[PDB]
Amino acid sequence: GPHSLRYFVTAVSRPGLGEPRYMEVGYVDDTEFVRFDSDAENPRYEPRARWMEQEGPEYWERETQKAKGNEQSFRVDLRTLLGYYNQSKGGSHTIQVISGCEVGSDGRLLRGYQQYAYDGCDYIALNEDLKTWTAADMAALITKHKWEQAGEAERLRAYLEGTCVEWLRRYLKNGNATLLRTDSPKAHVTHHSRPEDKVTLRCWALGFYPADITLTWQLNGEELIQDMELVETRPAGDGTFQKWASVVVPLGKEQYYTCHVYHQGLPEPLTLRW
Amino acid sequence: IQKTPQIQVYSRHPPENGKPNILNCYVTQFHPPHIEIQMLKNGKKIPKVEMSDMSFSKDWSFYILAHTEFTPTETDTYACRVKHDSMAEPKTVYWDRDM
Amino acid sequence: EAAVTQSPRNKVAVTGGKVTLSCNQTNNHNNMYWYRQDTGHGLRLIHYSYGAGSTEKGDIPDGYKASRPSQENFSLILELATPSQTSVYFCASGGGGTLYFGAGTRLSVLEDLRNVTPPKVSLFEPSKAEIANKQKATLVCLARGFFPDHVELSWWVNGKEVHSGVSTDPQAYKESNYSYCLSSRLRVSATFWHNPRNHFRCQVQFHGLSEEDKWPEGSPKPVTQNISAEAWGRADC
Amino acid sequence: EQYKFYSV
Amino acid sequence: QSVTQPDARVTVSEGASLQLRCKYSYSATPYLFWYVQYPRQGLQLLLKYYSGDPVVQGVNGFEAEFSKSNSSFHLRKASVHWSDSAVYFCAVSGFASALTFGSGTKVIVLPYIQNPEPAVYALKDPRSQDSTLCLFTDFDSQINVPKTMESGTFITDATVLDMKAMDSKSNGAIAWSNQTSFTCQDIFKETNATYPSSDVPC
């Protein structure tokens, strides 16, 4: 199945409170495999997974370095962005980026991205082709001409097409179990009394791994996701998650309602009724 | 940019009683990364605010998982307030047990 | 275009002298540098920047400092100058790893600014044997007694510079524990050599002290000069 | 293994 | 972070194939490169390897092949041409926008020469008395002009030269001493065909 290895970078200037906070987080798929923090006691790239243990002290040191570079590397950006917009010092700002790629079973490269986010609104980014850049505002204009008149596109393109990939593989080589493991959600339902001879039926799902899941309520073979009630998935806070949904149904009319839990770690979707 | 934070509070396991569990305060969809998140037990802050390492998602927003630790009893009332520059006043959120 | 202007390109400075070399560009490349070309070590990194203000240490830091005022002007600064800092200095702009280097700078700081000597060059002439025996005419050009090898020897036939059949050892050789020496061998034909009209000139641009330097002597000043020899086409008989 | 980002 | 050009000097016969060794140490895919430096100007880039095809095709018949197993980015050009005699440097980009160059390699491509006319001459400086010198000339690239153990008696290094018409690919080494009437004939011990200063009428 498709897989990824994206990198999340963020530098936020805290004028006065010192030098900007900078840190990058590594994600092979949606698991956190490595991060680095400026406000760290001992700044150093840190292994956010047992298996990352198989990576040498050299690896750490290496990226450790590479990081610190990018550290002051972004420090610059900040100034530069500031100048470009005509805004004087003072307002703490946040630069963020997502650089990454996506290989799929055959190893072919599905997608490569590098996107610059300034203070929360799209700055610039490398198009699908991996050759041009797209930017908003007369300012971000100045920036493209730069990255292009320097080869950036190309050099970037190599990382994505070659580096992130060769590595993404390696990571998977050793992270497998941890990344390929499953945990079947545990569901149940609840009856919540309510005025006007009606009750709230809530379908609980929790203890499941892979964070993607779908829940649905039915009344004899018909979807009710419509006037239903949902909650963004809850990090169960222990390598697993939680999610529920519910709907109002006349009292007594419970037995006629059914919830469905479809989750990739389930041979047969889960089916509950009251 | 100004983006009001989403907050959910809950426990890991089911909210039993007189039995140890844990409590969280998942806040998301807010922007300027800087925030004050407070977990209280009766209007009074708790000592161990075990907080997670900052992150973000595809639309630039920031997520974070605060988590205390506890043994509940029907009597109490846990909740959370979250200071952020999107909202004027801090917004509290009450732990709804069997939500 | 994308020019890496590196000035000055040469200097004979004194010990304990504060020397600053500047580098102007037009590549818009944020990443600027200062490397040092010395034998047995090739080039080496002194200092580097990422844009105005951004400044960090390279691998050869001792004694060197740097400034980044414009997205253009970069500059390696030596205050407590010592001859160890004698070398060809190179700076450069660069995006990710596409370094665009510059012309260079011959850095010669000394213990005594008096130990010097503008080149003493003289023009020799073609061995008639070569002349007759092979119908061409080599006319080597020697240069002696000079201190800062910041020299470049060119040829000047009938009024224009030469490159046709011209070869100079790029590196001047050790004459004495101090006098360096340089040589080259222009070689034109017989027909051409044998014409009292077509002229031959030999020029050795030399680089030492400039206008405001300290020349604590009552003797001739050894500044950037151009001492040269001359010859003419001799008959055939 | 991460990239070596450029300025802006 | 480490680079090595085992041999800083290699001389080759013009035409022939050229391969300059290069090793590097860094447990990861660095950014390797090769710059050229000839007389006075600074460095010049030939190519760059970021990632991708281990075989890079660059400017002026110059190409290299990246390799792992035990590191390498050996440069290569088959039809060497005189003008290529120079200093070729191999750089890497380790922990950020830096370029950790290695020692280097001065290569020398001796030209081809149809006619070995190892004739020695003697030239006198027209602007003074006894100001002569010994000029070795038009000899065979593959040869070796003797060294100096005589003070004041200096011999330069083989300095190939080329004119405008035909060839003239000629080596040549200058010599001069402050020692009495020494004969070029003498100084160039193991050399050939010396013609003296005896201006014949015909």
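Residues numbered from 1 in each chain as written, not as in the entry; some residues may be left out. Chains lettered and ligands numbered in written order. Heavy atoms only, no water.

X-ray crystallography is the method the PDB entry lists for this structure, together with a resolution of 3.0 Å.

> Any details on the domain arrangement of chain C? Residues and values, ideally.
Residue and element names in this part refer to chain C. As assigned here, chain C comprises domain 1 (3–111) and domain 2 (112–236). With centres defined by C-alpha atoms, the gap from domain 1 to domain 2 works out at 31 Å. Contacts between the two partners involve 10 residues from domain 1 and, on the opposite side, 12 residues from domain 2. Where domain 1 abuts domain 2, roughly 890 Å² becomes buried across the two surfaces, and 56% of that area is made up of carbon and sulfur atoms. Between domain 1 and domain 2 we count 1 salt bridge in total. Across the salt bridge formed by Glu152 and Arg106, the nearest N and O atoms sit 3.0 Å from each other. At the junction of domain 1 and domain 2, the tally comes to 4 residue pairs in polar contact. Contributions of two or more residues to the side of domain 1 that touches domain 2 are made by β2 (10–14) and β11 (106–110). Looking at which element gives the most residues to the side of domain 1 that touches domain 2, the answer is β2, with 5 residues. For the side of domain 1 that touches domain 2, the per-class residue count stands at 5 nonpolar, 2 polar and 3 charged. (Domains from an automatic or database assignment. Contact = heavy atoms within 4.5 Å. Buried area = accessible area lost by both parts, 1.4 Å probe. Salt bridge = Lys/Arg side-chain N within 4 Å of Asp/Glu carboxyl O. Polar contact = N/O pair within 3.5 Å; in protein donor to acceptor, adjacent residues only side chain to side chain. Helix = DSSP H or I, 4+ residues; strand = E, 2+ residues; numbered from the N terminus. Nonpolar A, V, L, I, M, F, W, Y, C, P; charged D, E, K, R; others polar.)

> So what about the nonpolar core? Which residues, and what values?
Ranked by size, the top nonpolar core spans 74 residues in total, and within it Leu5(A), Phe33(A), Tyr171(A), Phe101(C) and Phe101(E) carry the most contacts. With 12 residues, helix α3 (residues 152–180) of chain A is the largest single contributor of residues to this core. Apart from residues lying up to four places away in sequence, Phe101(E) is in contact with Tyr35(C), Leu43(C), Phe101(C), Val3(E), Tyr35(E), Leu43(E), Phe89(E), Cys90(E) and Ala91(E). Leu139(C), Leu153(C), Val204(C) and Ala119(E) belong to the second-largest nonpolar core, a separate cluster that totals 43 residues. (Core = buried A, V, L, I, M, F, W, Y, C linked by side-chain atoms within 4.5 Å. Buried < 20%, exposed > 50% of the residue type's maximum accessible area, 1.4 Å probe, protein only.)

> Kindly report on the interface of chain C and chain A, identifying the contributing residues and their values.
On the side of chain A, 8 residues touch chain C, which itself brings 11 residues to the contact. Regarding the contact of chain C and chain A, the summed buried area is about 710 Å², with carbon and sulfur atoms giving 51% of it. The interface formed by chain C and chain A includes 0 salt bridges. Counting across the chain C and chain A interface gives 0 residue pairs in polar contact. Of the residues contributing to the side of chain C that touches chain A, the split by class is 2 nonpolar, 9 polar and no charged.

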